[PDB]
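A.B. asks: According to the authors' numbering, the residues represented by the sequence shown are 187 to 270, in order. Even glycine gets a Cβ: it sits at the ideal position worked out from N, Cα and C.
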Amino acid sequence: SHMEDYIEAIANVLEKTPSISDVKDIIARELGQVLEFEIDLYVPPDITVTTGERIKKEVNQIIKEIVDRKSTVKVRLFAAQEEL
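#1: For a quick check, are the C-beta atoms of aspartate 226 and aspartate 211 less than 7 angstroms apart?
#2: Per the DSSP calculation, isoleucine 212 is bridged to which residue(s)?
#3: Identify the residues that DSSP records as bridge partners of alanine 265: which are they?
#4: Measuring alpha carbon to alpha carbon, tell me which residue in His188, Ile196, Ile213 and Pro231 is nearest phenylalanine 264.
#5: Any idea if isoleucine 196 is buried or exposed, counting beta-carbon neighbours within 10 angstroms, 16 or more meaning buried?
#6: Quick one: residues in its chain with C-beta nearer than 8 angstroms to the C-beta of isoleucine 241, no 5 flanking neighbours on either side, listed in chain order?
#7: Can you tell me which of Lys250, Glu269, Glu268 and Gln267 puts its alpha carbon nearest to the alpha carbon of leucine 221?
#8: Nearest by alpha-carbon distance to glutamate 194: which of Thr258, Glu268, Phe223 and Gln267 is it?
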């Protein structure tokens, strides 16, 4: 349940993080005392590899700051969906 509190705050931040177009999905589970996060994000289709690595680092910083306990963070980046 404190798990849902963390997810909500994480989503609130990510929504306001300009390098991220949208949150695709946030999953969390407990592995003993470790919280495991899987974060899927939409980003601009033209990002470079370096920018993508820099966004994963920002996401990781956000989680580490919000969650007091030990965590693992896996981030996946997807091209934002463009209008047809």
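C.D. replies: The structure says:
#1: yes
#2: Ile225
#3: Per DSSP, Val229.
#4: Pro231
#5: buried
#6: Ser205, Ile206, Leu227, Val229, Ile233, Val261 and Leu263
#7: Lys250
#8: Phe223
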